[PDB]
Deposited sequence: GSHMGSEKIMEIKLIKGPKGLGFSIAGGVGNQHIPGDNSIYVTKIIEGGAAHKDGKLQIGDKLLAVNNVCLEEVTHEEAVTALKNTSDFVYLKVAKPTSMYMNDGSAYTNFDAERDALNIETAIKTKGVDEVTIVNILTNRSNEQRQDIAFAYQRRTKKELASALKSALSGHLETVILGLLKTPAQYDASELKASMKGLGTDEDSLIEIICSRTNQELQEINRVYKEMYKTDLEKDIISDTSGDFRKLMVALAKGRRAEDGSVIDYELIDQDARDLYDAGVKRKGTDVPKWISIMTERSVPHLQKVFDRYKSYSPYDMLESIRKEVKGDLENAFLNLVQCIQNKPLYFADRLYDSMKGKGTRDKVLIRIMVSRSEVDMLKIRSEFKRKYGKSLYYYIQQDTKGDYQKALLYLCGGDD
């Protein structure tokens, strides 16, 4: 829990003395609509009070809640207050200019051209920038050298470190599209990786993957899935990859929650065999909060919970996919914490899984993954990465982890 703080100010002749960014339709951080303090005006009320800081998140001012408001709504609320201003703020636990992007591109070029390659500098920069900032770096690099940064780094780097850095240079949709393409390489597929991506990505993420996949490979993702999978496993993967799950409605449909729970029990544990199309329809079409409540209501009817019912009712790839999907519905950060543990726990390392999760979740929910990991396994994700990887490859992964717990 981030620290929530109360700050009271007197509105001065020149206002409150700070600047805000963020808001619905004006995100200061990708995927985050919150209002953020971005400047403290010297001599103003905020500065003389001393508590408010850059990076603080505004939760409310007087009678106005500032969560999920547009930028203009926040401005109007903050400019039309009483003289007595009571701010509710949340403390954290970037001001990235073109100068920063150009300097990064220039320093990366120097690191590439250095004899023996200065991998340390390359890692220090790229693993400590957001995906959008890396995109800015890649465009600045191309403008300066007339060469693609990814191609230059492919030649300068090797091993698992090259895999990390080149994956970070792709947009989220490009990275997932190329990982899905790689998973379907050859007869059939790496079902584990296909399952991991298709079961964990949201509607919005899948919609962008579907578009970028077609642009990169000149074929639909759905057609490639169909060509390399079969049976009920194919049906489940195809249904999920469409990214047409019901969106989180504000109204909870309790009658449907009960009927879905009965239908899941009637389709499996209650009867000989399993009505797999019924399971597919319910678990791919209902919203995630709805299904969380369905899986709890299911326990009212069934002698086993949903995960145990899946193990007893189906087998093979279909069982694996359903088990991964239900974990993603119930607790996705815990799901990735478990896959990370499994990638490192035994002899060697499943670097393909370790790299993909660290690259793809570093900007999504890495803090929640780290929290679930430490709570379950007693040691930090940082520690397990330290014990299973070495050198600059380790340093890159540790930066994507973001810290020790």
Could you please spell out the deposited residue ranges that have no C-alpha entry in the coordinates? 1-5, 99-105
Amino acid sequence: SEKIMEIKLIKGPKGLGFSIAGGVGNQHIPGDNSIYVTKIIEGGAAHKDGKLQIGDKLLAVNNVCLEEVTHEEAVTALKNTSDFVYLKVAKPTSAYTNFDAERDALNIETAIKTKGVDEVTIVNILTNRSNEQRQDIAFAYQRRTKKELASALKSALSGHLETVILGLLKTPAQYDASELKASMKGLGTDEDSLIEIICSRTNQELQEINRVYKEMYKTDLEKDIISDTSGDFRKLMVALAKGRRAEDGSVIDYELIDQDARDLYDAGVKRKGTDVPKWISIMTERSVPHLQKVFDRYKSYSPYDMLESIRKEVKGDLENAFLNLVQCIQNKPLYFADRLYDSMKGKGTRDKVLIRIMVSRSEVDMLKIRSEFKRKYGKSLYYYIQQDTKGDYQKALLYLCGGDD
From here on, numbers count along this sequence of modelled residues.
Mind pulling up the entry and telling me whether 218-226 or 144-152 has the higher mean Cα temperature factor? 144-152
Got a sec? Mean C-alpha B-factor, which is higher, 354-362 or 24-32? 24-32
Looking at 179, 205, 118, 305, which has the biggest Cα B factor in the entry? 118
Largest Cα B-factor, entry values, listed residues 311, 160, 270, 103: 103
Sort the modelled residues of this chain by their C-alpha B factor and say whether residue 333 lands in the lowest, middle or highest third. lowest
What third of the chain does residue 84 rank in for C-alpha temperature factor, lowest, middle or highest? highest
By the recorded C-alpha temperature factor, relative to the other modelled residues in its chain, which third is residue 187 in? highest
Split the chain's modelled residues into thirds by Cα B-factor; is residue 396 in the lowest, middle or highest one? middle
Going by what the PDB entry lists, where does residue 71 fall on CA B-factor within its chain: lowest, middle or highest third? lowest
